[PDB]
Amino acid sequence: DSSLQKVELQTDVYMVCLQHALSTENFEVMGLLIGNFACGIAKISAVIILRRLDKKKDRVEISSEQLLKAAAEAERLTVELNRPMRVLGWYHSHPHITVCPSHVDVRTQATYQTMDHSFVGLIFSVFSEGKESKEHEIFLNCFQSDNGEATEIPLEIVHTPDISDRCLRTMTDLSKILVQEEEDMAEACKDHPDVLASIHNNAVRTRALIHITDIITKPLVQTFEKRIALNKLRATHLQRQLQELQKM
């Protein structure tokens, strides 16, 4: 009772986290996991993408204010979905690095367990390819902190027949967060007396905004539309099959 025996991560939540991790190969991304904790099983059905201003190598820290906003969001999910929802865990990415938790990760996870005991830690290792084989590898590690060491937690990615409305909205928040980060930087240099600097700053801002649109926003638009179109392709295919199979 009350011990983390197994973690059941919904496929749609898995897609969001992976999409978040694949957004950049230079820095580590982070976010929080939401769901319900039953008889030793942490069922994850929601996810919050977080903003990380820090660009330090191993320093992946979720603020106190972010935890409060997430819990508040988890409170709203309960009223909406009519189901127990709560911050169950946290995730972050490992670009060009092994999926194994660092010393700081284990220590950070340990502090979380003083608060929730059954708190879950997920790590997504991305951007690791072979120079000759051209093969890519992506790892997903579910862990906790024991006696100062990292320990595996049994993970099963539970099938979903669709991508949740909340999961769809969550990955639409990514570009919005990124754009907001850029708006804050151009804010500190808003009214420059130097004309050359003003032209420079606008050119820098323009390139940065387009970059987010070209890499993040545009592909998500295409992915959503293609999904809609390709489902109709499959739907009509299944409809024609349903008639021929209904006989014998």
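The first residue of the shown sequence is 1; numbering continues from there.
Engineer: Using only the Cα atoms and their B-factors as the entry lists them, report which of 238-246 and 3-11 averages higher.
Structural biologist: Higher mean C-alpha B-factor: 238-246.
Engineer: Give the stretch, out of 61-69 and 216-224, with the larger mean C-alpha temperature factor in the deposited entry.
Structural biologist: It is 61-69.
Engineer: Highest Cα B-factor in the PDB entry belongs to which of 165, 156, 129, 173?
Structural biologist: Highest C-alpha B-factor among the listed options: 129.
Engineer: For the CA B factor values reported in this entry, which option in 152, 105, 116, 137 has the top one?
Structural biologist: In the PDB entry, the greatest C-alpha B-factor among 152, 105, 116, 137 is found at 116.
Engineer: By the record's CA B-factor, is residue 181 among the lowest, middle or highest third of residues in the chain?
Structural biologist: For residue 181, the deposited C-alpha B-factor lands in the middle third.
Engineer: Divide the modelled residues of the chain into thirds by Cα B-factor and specify which third, lowest, middle or highest, holds residue 160.
Structural biologist: It belongs to the middle third of the chain when residues are ordered by C-alpha B-factor.
Engineer: Ordered by C-alpha B-factor within the chain, which third holds residue 229? Give me lowest, middle or highest, please.
Structural biologist: Its C-alpha B-factor belongs to the middle third of this chain's values.
Engineer: Please say which third, lowest, middle or highest, residue 98 falls into when its CA temperature factor is compared across its chain.
Structural biologist: Its C-alpha B-factor belongs to the middle third of this chain's values.
Engineer: Taking only the Cα B-factors deposited for this chain, tell me whether residue 31 sits in the lowest, middle or highest third.
Structural biologist: Lowest third.
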